[PDB]
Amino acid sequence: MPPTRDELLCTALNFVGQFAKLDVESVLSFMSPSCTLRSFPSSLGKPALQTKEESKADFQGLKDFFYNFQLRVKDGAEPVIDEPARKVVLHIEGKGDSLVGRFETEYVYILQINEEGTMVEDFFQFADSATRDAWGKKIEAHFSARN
């Protein structure tokens, strides 16, 4: 039996809740081995697509640079669920206290769940590049100063 609307939302929001653990592996453990990570908007030289293996560095950085961090569905933003496709669309806010101060960003996640309803097999994110890139610059200036 295919996942129900409720089962799809459960797996998607369990995936989203793993980011706050800042432990690298809890997020990765909700991605199937063949999971495609897609990261938008497109930018020159940046790959749109990543393997699960390639994305582990990203979760390593979350751990290393944040005292705390949480992803949450924006209040009032009802999930959009394509039950046939096993897809959950979420308007997400990420907020945390980092090495270089407060970080508050947002995203659209589109999560495709596997047939079993247990893992994310396609992880689309559309990032708020203004805040992401600004924080990235602060991280670079911080490490450049530590030397």
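Heads up: residue numbers just count along the shown sequence, starting at 1.
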property	result
Selected stretch [higher average CA B-factor]: 104-112 or 38-46	38-46
Per the entry, higher mean C-alpha B factor between 121-129 and 14-22	14-22
Maximum C-alpha temperature factor, selected from 89, 62, 31, 85	62
Ranked against its chain, the third holding the CA B-factor of residue 54	highest
Assigned third (lowest, middle, highest) for the C-alpha B factor of residue 78	highest
